[PDB]
């Protein structure tokens, strides 16, 4: 079992189906960024402590979902042999219930917060912004190729999830959020 095949040494790689693409192709970038997010989520999960244990399981669940998302991003819409498997409905509602819960429990802001606080909250804000980077790449792909739009819906919602969870993480250790000092009242 050798994970190195050396077939990518010239800069091309296989997607799902028969097509090979350059490694910088917008599709390869899209699921590559999802993979980087997925690794970051694993890193974030590794920072869980006794105050923040309640977040551990859902972070693992998100990793499972990001594999499902990446699968579809790797799959051309006109590949006869492979189909999209990701359905946004249940995963996205699941995220929304957590955003709702976490928004309700934490102290309310009007103003932008500094992305920071505890190590876990800060890692969740990093997750938030990597998710947003991945989303930009998914949009890049979408503008050139037919994608499963369900992935974009979920990935969009997911960065709201990470924002909400980051604030929740601070709340779980009673670390106050800090406000952006020049912020207008932006959350309504």
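Positions refer to the first chain, counted from 1.
Participant: Between 94 to 102 and 73 to 81, which has the higher average C-alpha B-factor in the PDB entry?
Facilitator: It is 73 to 81.
Participant: Which of the two stretches, 10 to 18 or 164 to 172, shows the higher mean Cα temperature factor in the record?
Facilitator: Comparing 10 to 18 with 164 to 172, the higher mean C-alpha B-factor belongs to 10 to 18.
Participant: Hey, out of 142, 151, 158, 37, whose CA B-factor is highest in the deposited coordinates?
Facilitator: Largest recorded C-alpha B-factor: 142.
Participant: Taking the values exactly as deposited, rank residue 52 by C-alpha B-factor within its chain and report the matching third: lowest, middle or highest.
Facilitator: It belongs to the middle third of the chain when residues are ordered by C-alpha B-factor.
Participant: Could you look up the Cα B-factor of residue 115 in the entry and say which third of the chain it sits in: lowest, middle or highest?
Facilitator: Answer is lowest: the recorded C-alpha B-factor places it there.
Participant: Is the Cα B-factor recorded for residue 62 in the lowest, middle or highest third of its chain?
Facilitator: Within its chain, residue 62 is a lowest-third residue by C-alpha B-factor, going by the deposited values.
Participant: Relative to the other modelled residues of the same chain, rank the CA B-factor of residue 29 and answer lowest, middle or highest third.
Facilitator: For residue 29, whose C-alpha B-factor we compare with every modelled residue in the chain, the answer is the middle third.
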